[PDB]
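Order of the sequence lines sets the chain letters (A, B, ...), proteins ahead of strands, with each chain counted from 1. Values below: every heavy atom of this structure, side chains too, minus hydrogens, waters and symmetry copies.
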Amino acid sequence: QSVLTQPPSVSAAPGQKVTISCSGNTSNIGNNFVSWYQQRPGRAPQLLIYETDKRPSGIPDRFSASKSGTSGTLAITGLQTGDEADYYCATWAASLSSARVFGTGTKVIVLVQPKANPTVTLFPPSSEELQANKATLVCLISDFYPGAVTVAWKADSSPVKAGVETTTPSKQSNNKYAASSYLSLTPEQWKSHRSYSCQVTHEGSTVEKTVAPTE
Amino acid sequence: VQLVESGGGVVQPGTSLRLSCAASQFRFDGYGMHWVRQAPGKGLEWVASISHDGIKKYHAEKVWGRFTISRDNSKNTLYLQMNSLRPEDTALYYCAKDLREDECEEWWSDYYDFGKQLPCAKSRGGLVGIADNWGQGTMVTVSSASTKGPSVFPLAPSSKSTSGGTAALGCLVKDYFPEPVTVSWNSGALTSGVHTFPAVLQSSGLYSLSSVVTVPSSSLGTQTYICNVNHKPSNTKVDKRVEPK
Ligand SMILES: *[C@@H]1O[C@H](CO)[C@@H](O[C@@H]2O[C@H](CO)[C@@H](O[C@@H]3O[C@H](CO)[C@@H](O)[C@H](O)[C@@H]3O)[C@H](O)[C@H]2NC(C)=O)[C@H](O)[C@H]1NC(C)=O
């Protein structure tokens, strides 16, 4: 139940270069070969790199990879729109379960539109839902480009891990992106804090909305 | 190379299910095989691996004692036996071929008819943990749910959903199964400023989505706003009034 940490997204203009890091531990990357997989939207993964820096026959020399210590790095040059996909690193060894792991995954975006900043709207639990002994906070995120966000939730000023469900960004009719995040609480958790916040990070800028039980 | 998974479906927690994967166009009994899963919208995760001959088996910590990989080399088939299923086992399950062949290193031939190779005398190659070919996967949804139309809750406009000028209001379409639902406002008469978001599959194995609409805050006292929710799988159509505060 360990993981190889990857950045959630990287992006570049067409023709440019991106790198994707893969940070692990002595037990996995430190002692083992690294492999890389490409997964295009709605498709099965495909092998990209094996034995740390080797390409299968169909893979162009625009893809290259390496490792140093406990970290691996994939590089993509001459980036083209067809390289948009999720990329996963991995290790696998027979010795120990902890050497059999995939990375958290990195979405590669090829920038073909201007940046667009998200509109964020946060709703508290309705009285009707609370009367049914449940509570859902709803954070809606729209009109952003590129199509990747991370969402964090806070109770007062403490981070909230449990109860969060967040969708993958989906293209809107105007070719910008939308997503949503839901925090499921008990009525007690909702009413026992001074506030809750949804924090949306897009291209390294974080914007935040807050709601409170006492309106 | 071709891999075709089968056996997936919707199943209740605590039950058992066996997935299968049929191999074609390569020498199945010369390669190790893997199962890998992907929960919806999440990352890849190793589940199980097995040597070309079915002797050596490896399983991920999250499934120890519950899932068992096996294979039948007389049928080009790989199996995953899944017992005591849990909601967090919901995922697309991929079958994948391992790269390294149990490659023959010495073989004799029919002396006159030497296009005919005789049973391999010596070979080597075991699992290397490189998945060079993948199937399209089979979906496993673990949930207690039967066909169920949604509950709808209003997302009321407030001073905290107003910037201006404009107010945002919506409806939360909660706990339905299966997809899809469609949403409109004021029976289709309100379309400007409407956005309906894709659903999330909750750990309870039911879906939820939201629809939000931006309107003049001056109108909140004069204009009625009603969200119309259709769920064809259950033949239900519900209308929910959304009003301040
Ligand atoms: C890389 O892996 C190693 C082990 O494979 C990790 O080092 C160990 O991390 C564990 C935490 O999971 C530590 O165990 C804890 O130790 C504390 C202090 O004694 C104790 O209070 C807890 O009950 C728990 O047992 C362990 O001390 C630590 N060190 C060693 C030598 O095992 C390491 O965190 C991993 N990550 C890296 C290195 O980035």
Side-chain angles (χ1 to χ4, degrees), chain A residues 1-13 16-25 28-29 34-43 45 48-49 63 65 70-76 79 81 83-91 101-113 115-118 120 139-154 159-171 176-183 197-208, chain B residues 37-45 91-92 197-198 200-201:
Chain A
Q1 298 187 15
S2 64
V3 281
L4 315 184
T5 304
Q6 301 179 228
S9 65
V10 305
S11 63
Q16 295 289 106
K17 173 180 180 167
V18 294
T19 67
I20 303 173
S21 60
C22 175
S23 175
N25 206 353
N28 44 71
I29 291 173
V34 174
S35 47
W36 295 82
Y37 298 88
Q38 182 193 69
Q39 186 178 34
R40 293 185 187 202
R43 299 173 179 93
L48 200 66
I49 298 289
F63 298 84
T70 57
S71 180
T73 302
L74 175 71
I76 311 167
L79 191 64
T81 293
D83 302 329
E84 279 215 2
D86 291 331
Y87 289 80
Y88 295 91
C89 58
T91 59
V101 51
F102 277 93
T104 55
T106 300
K107 180 158 47 176
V108 173
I109 297 149
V110 186
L111 301 165
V112 293
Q113 316 174 18
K115 183 191 186 204
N117 285 322
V120 178
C139 192
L140 304 172
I141 314 157
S142 66
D143 285 321
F144 57 92
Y145 183 92
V149 291
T150 63
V151 183
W153 287 86
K154 296 202 153 48
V160 181
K161 308 174 181 179
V164 177
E165 291 164 319
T166 304
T167 67
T168 297
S170 61
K171 196 156 71 180
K176 297 171 192 194
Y177 286 84
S180 53
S181 188
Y182 295 84
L183 175 56
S197 300
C198 180
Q199 297 182 321
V200 175
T201 301
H202 181 248
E203 299 298 89
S205 295
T206 297
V207 296
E208 176 177 1
Chain B
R37 74 187 174 179
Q38 183 166 51
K42 307 306 184 200
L44 300 174
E45 182 171 61
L92 185 64
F197 289 74
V200 65
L201 177 55

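Side chain of A:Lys107 to backbone of A:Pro7: no donor-acceptor contact under 3.5 angstrom is found. Checking side-chain atoms of A:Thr106 against main-chain N and O of A:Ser9 turns up no donor-acceptor pair under 3.5 Å. Under the 3.5 Å distance criterion, the side-chain polar atoms of A:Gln6 are matched with a main-chain donor or acceptor of A:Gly105. Formation of a donor-acceptor pair under 3.5 Å by the A:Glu165 side chain with backbone atoms of B:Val200 is not found in this model. At distances below 3.5 Å, not a single donor-acceptor pair connects side-chain atoms of A:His202 with backbone N or O atoms of A:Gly147. Judged by distance alone, the side chain of A:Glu84 and the main-chain N or O of A:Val110 form a donor-acceptor pair under 3.5 Å. Side-chain atoms of A:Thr167 come within 3.5 Å of backbone atoms of A:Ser180 as a donor-acceptor pair (strictly under, hydrogens ignored).
Side-chain contact between A:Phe102 and B:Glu45 is absent, with no heavy-atom pair separated by less than 4.5 Å. By the 4.5 Å heavy-atom criterion applied to side chains, A:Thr81 and A:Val112 are counted as neighbours. Contact of the B:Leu44 side chain with the A:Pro45 side chain is registered, since non-hydrogen atoms from C-beta on lie closer than 4.5 Å. Using a 4.5 Å heavy-atom threshold, the side chains of A:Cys22 and A:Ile29 count as touching. When side chains are defined from C-beta on, A:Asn28 does not count as touching A:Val34, because their heavy atoms never get closer than 4.5 Å. Within the 4.5 Å cutoff, side-chain heavy atoms of A:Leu111 are placed close to those of A:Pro146.
Between the OG atom in A:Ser35 and the CD1 atom in A:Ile49 there is a gap of 9.5 Å [rounded to 0.5 Å]. For the atom pair CG (A:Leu183) and SG (A:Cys198), the distance works out to 9.0 Å, reported to the nearest 0.5 Å. Once rounded to the nearest 0.5 Å, the distance linking OG1 of A:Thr73 with CH2 of A:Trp36 reads 6.5 Å. If you take SG on A:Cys139 and CZ on B:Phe197, they are separated by 9.5 Å, rounding to the nearest 0.5 Å. The NZ atom of B:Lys42 sits 14.0 Å away from the CZ atom of B:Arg37 when rounded to the nearest 0.5 Å. Here A:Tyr88 contributes atom OH and A:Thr104 contributes atom OG1; the two are 8.5 Å apart, rounded to the nearest 0.5 Å.
Of the residues listed (A:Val151, A:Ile141, A:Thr150, A:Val149), the one engaging A:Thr166 in a side chain to side chain contact (heavy atoms under 4.5 Å, CB included) is A:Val151, and it is the only one.
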Chi angles and distances behind the side chain to side chain contact (heavy atoms under 4.5 Å, CB included) call for A:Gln39, B:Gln38: CA-CA 11 Å; A:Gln39 186 178 34; B:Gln38 183 166 51; 2.9 Å; yes

Hey, mind stepping through A:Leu79 and A:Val108 against side chain to side chain contact (heavy atoms under 4.5 Å, CB included) and telling me if it holds? CA-CA 10 Å; A:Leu79 191 64; A:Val108 173; 4.1 Å; yes

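Scanning all heavy atoms of the two residues, the minimum distance from A:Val200 to A:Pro118 falls at CG1-CG, 4.5 Å. A:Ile20 and A:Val10 get closest at one heavy-atom pair: CG1-CG2, 4.0 Å.
Ring-plane geometry between A:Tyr177 and A:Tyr145 is classed as tilted, the angle between the planes lying from 30 to 60 degrees on a 0 to 90 degree scale.
A:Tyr87 is linked by a ring-ring contact (aromatic ring centres under 6.0 Å, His included) to nothing, counting only residues two or more places apart in sequence or in another chain.
For A:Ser71 and A:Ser23, the side-chain atoms include no donor-acceptor pair closer than 3.5 Å. Under 3.5 Å, the side chains of A:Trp153 and A:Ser197 contain no donor-acceptor pair of N or O atoms.
The local environment of NZ in A:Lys115 is crowded, with over 12 non-hydrogen atoms from other residues, nucleotides or ligands closer than 6.0 Å.
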